[PDB]
Each structure stands twice: as C-alpha cells, then as structure tokens.
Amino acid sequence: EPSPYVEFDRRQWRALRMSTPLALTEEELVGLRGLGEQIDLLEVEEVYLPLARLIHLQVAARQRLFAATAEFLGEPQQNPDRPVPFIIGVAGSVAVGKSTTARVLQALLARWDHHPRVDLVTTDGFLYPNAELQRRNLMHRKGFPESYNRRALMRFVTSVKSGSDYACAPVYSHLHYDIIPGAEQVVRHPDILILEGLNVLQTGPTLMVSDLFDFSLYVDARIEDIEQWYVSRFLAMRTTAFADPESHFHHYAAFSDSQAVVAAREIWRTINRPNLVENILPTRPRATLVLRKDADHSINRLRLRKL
C-alpha cells in the first residue's frame, strides 16, 4: 500500500551520489566529529554527499514556491541575489550524533559553487538561564520543550527567513552548563540556515520553527544503543571536559567507571530517555530524511519523505 516514505540501504543510497564532489579533508572531518562519533570520509561519501546533492536540488526548487507567491502578490522580483533563506532542521536524541551530523552538513553545503553563506545554530542558546529554570522548577528538565524560550527561538528563525539583514541568538556554555551573559551569535541573511536541537521538529497550537523548515533531518538509532553511547561518552568525558576545573561537572572526573556508569544511567533514565520517548521520537514521522544508525554509529539505512 502507498507510503509517503521511501527507504534505502546504504548501497542504494550511495548510488544517488551521482557526480557530487568530495570537498573535505580527513583532518577537517575530525574538527567536526564529536567525542564518540565514528564518522569517516567514506560515510561522508556514501551518505552525506547524496544528501547534499538532494538538498541543493531542492534549494532552487523550494524558491520557485516563494517566487510564485511573490509574483501573485504583485511584488517585485526576489531581491536579485538575497533569496528566502533555506531553513534546515536537524533533530534527534542527546548523544545520537546530530550535532556532528549538523556540522558535517554545514561544511559540505558551504563548499559549493558560488559559495553560499551556510550558518549553523544549535538551540542550546535558546535554553532558559539556570536561574530562570530554577525559578520554574525546571533544572531537571533541561532539554524538554518547556526548558527552551521557544518564543525567542521562533522570533529568531522567523526573522532570518523573513529576510532580515541580521538576527541574534544567545550562546550556551557547555563548560558552565549555563547561558553566557552578553554573548550572542549573529546571523546575516544566510542562504541556508541549519537549526539543530532535541526538538526543533515539534508542532503545536501555534506556528513553530518546524513549520518554517524547508527540509529536515532526524538522526535515529535504537534507544538501547543511544543509552550505551550516552554512558560511554559520559565515562569518556572524565578525562576531557570534566577534567577542566572550570567545568560545572568537574566532580564527575573523580568517579570510578562503576559509579560513573551508575550516575550516567540515572541521568538518562530520569531526563534524556523520557524526553526522547515523550517528545523527540514523536516528531520523527515528519522528518524529510531519517538517518538510521546501527550500534556501531554506522548509518546503514535511510527513510525519505517522498510525500
């Protein structure tokens, strides 16, 4: 029976790469790869290149849609070379790899003919300050929809896509586990804006950023695996981030593999997992493209929305 989707195995997907050129060194893929991630240039070749090709085919097509409305509205023509920014959403669970997926994607798309301004904005900075979360009894729901200033987030994307000269987003510090005072990321009329976060794909009683997306990615994996990835990465961070005396979680550095595992699982059980199940996963159905990962972080399956 008919389906809005079309699935592929990596062999199948690899072939749609067609002629697409690989413009990234292995030293560059590294500065994009997050701790624990297994992405290599091969995967970028058989998976991210076709995806970049697809996206570019749609970037031009997606604008005929706006032009039409512009033609209808009698309005003049586009603004000869400052089009409606193509907005891309990247969603997925904590520790699934989306952050890397988002960075690799921005790199590939920026290295394109004529060289388009491709900005990447994570929703981290749209989290409420710890003081504000403390006030709303939310310090233990960081990552849940309500922990974000979803209104500010919407004003931001709406602004950039509505053709603004520049827009600002706050900045979150992963070292201090909090929003950075006075800091800001400025975005100037990009050609493509990539928005990455746990729920970007959420719908609601109001127009949300998921409604402004022209294309969307959802990095997926078996829930047991992600937990394994989360915990492993947690243990792994004892000698990297947590090692730093400035880290809000420096006390974790001294944990034993054993107590660190216990600590990691508890956080996952009480926070990240509930949010994945209750909020993130239910948005997967409408992702333009879903990247399914095997326990080894390898992307070997894909589901595309043809409808």
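Heads up, when I say rigid core I mean the largest set of C-alphas that superpose within 1.5 Å between the two forms. All residue numbers are counted from 1 along the displayed sequence.
Enquirer: In 8 other deposited structures of this protein, superposed on the rigid core, which stretch sits farther off in Cα RMS terms, 230 to 238 or 80 to 88?
Expert: This comes out as 80 to 88, the stretch further from the shown form in 8 other deposited structures of this protein.
Enquirer: Do the C-alpha atoms of 15 to 23 or of 283 to 291 have the higher average B factor in the entry?
Expert: Mean C-alpha B-factor is greater for 15 to 23.
Enquirer: Could you check the entry and say whether 70 to 78 or 96 to 104 has the higher mean CA B-factor?
Expert: Between 96 to 104 and 70 to 78, it is 70 to 78 that shows the higher mean C-alpha B-factor.
Enquirer: Taking the Cα B-factors listed in the entry, which of 241, 277, 60, 41 comes out highest?
Expert: Most elevated C-alpha B-factor of the set, per the entry: 60.
Enquirer: Which listed residue, 221, 110, 154, 133, has the largest C-alpha temperature factor in the record?
Expert: That would be 110, according to the entry.
Enquirer: Report the third (lowest, middle or highest) to which the CA temperature factor of residue 305 belongs, ranking only the modelled residues of the same chain.
Expert: Within its chain, residue 305 is a middle-third residue by C-alpha B-factor, going by the deposited values.
Enquirer: Pull the Cα B-factor of residue 139 out of the PDB entry and bin it into the chain's lowest, middle or highest third.
Expert: Its C-alpha B-factor belongs to the middle third of this chain's values.
Enquirer: Within this chain's modelled residues, let me know which third the CA B factor of residue 272 belongs to: lowest, middle or highest.
Expert: Lowest third - that is where residue 272 ends up once the chain's C-alpha B-factors are sorted.
Enquirer: Once the chain's modelled residues are ordered by C-alpha B factor and cut into thirds, is residue 147 in the lowest, middle or highest one?
Expert: Tercile = lowest for this residue's CA B-factor.
Enquirer: Would you mind ranking residue 65 by its C-alpha B-factor against the rest of the chain and naming the third, lowest, middle or highest?
Expert: Highest third, going by the recorded CA B-factors of the chain.
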